[PDB]
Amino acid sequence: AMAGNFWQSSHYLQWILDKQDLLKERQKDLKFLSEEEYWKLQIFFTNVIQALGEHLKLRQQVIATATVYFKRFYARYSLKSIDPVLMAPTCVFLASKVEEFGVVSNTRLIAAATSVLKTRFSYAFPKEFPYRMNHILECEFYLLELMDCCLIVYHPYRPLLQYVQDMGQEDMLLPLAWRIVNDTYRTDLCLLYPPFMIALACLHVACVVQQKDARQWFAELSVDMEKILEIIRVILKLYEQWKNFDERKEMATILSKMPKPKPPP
């Protein structure tokens, strides 16, 4: 559904952002959090969405679409506008409908969020998930309108499969390149570059890791290799941040610094 239509899609025409516009909108949240702490919070919530999706037995594509909705929401709005703890299952619930997986039942979605946060994220959350289905339904309306009803999202997985098939290196490179594409969701890359460019950067890093010579295959590409190197530098930087970051020791403090929604008068 809409495969091949990237250059005429709302993902490309509206949701491929200018890095400076993104950094400018982030300044309102950077009054409470450092750039490093804001990045760590985005890593954290990508891992929460991943865990919610795994618990609900959702395919990686559903999880990826939900992650992009979450990033698109907080690219334009502050962390205080809507609680990201409510936004994360709401993104999963809507993506599952768009990806034609189905409507996750009220009890199943609420039990999965309560269960995932309790058993996998209690280092960051001391209290049980407080939201009910009416909150998710309310949030869904807000998320839909604040994304300008743009639901079709393109991911690097499909172009990656086409690239490794062309390379004739599926058995050796696909598992690692696919995992590296999973890792790119811990960064802002999906908001800044077309998916095929993120797939090429991941495939390039996989070749370097597995010491596979693919310079000629990469040179024969009609692509801007400067943008590919920009993406590669973001991936290498994520690995250094990943190494130095202990999410379990730091997230309860980072979540406390995060701007909270202001209650009504």
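So that the term is clear: the rigid core is the largest set of C-alpha atoms that superpose within 1.5 Å between two forms. Numbers for residues come from their place in the sequence shown, where the first is 1.
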| item | value |
| --- | --- |
| Greatest C-alpha divergence in 9 other deposited structures of this protein once each structure is fitted on the rigid core, 135-143 or 100-108 | 100-108 |
| Comparing 115-123 with 179-187, the one whose average Cα B-factor in the PDB entry is higher | 115-123 |
| Per the entry, higher mean C-alpha B factor between 161-169 and 89-97 | 161-169 |
| Maximum C-alpha temperature factor, selected from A51, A199, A214, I235 | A214 |
| Top residue by Cα temperature factor, when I231, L30, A66, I43 are compared in the entry | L30 |
| Among modelled residues of the same chain, the CA temperature factor third for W39 | middle |
| Among modelled residues of the same chain, the CA temperature factor third for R248 | middle |
| Chain-wide C-alpha B factor ranking for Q14, given as lowest, middle or highest third | middle |
| Within-chain third of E138 by Cα B-factor, per the entry | middle |
| Position of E128 among the chain's modelled residues by C-alpha B-factor, lowest, middle or highest third | highest |
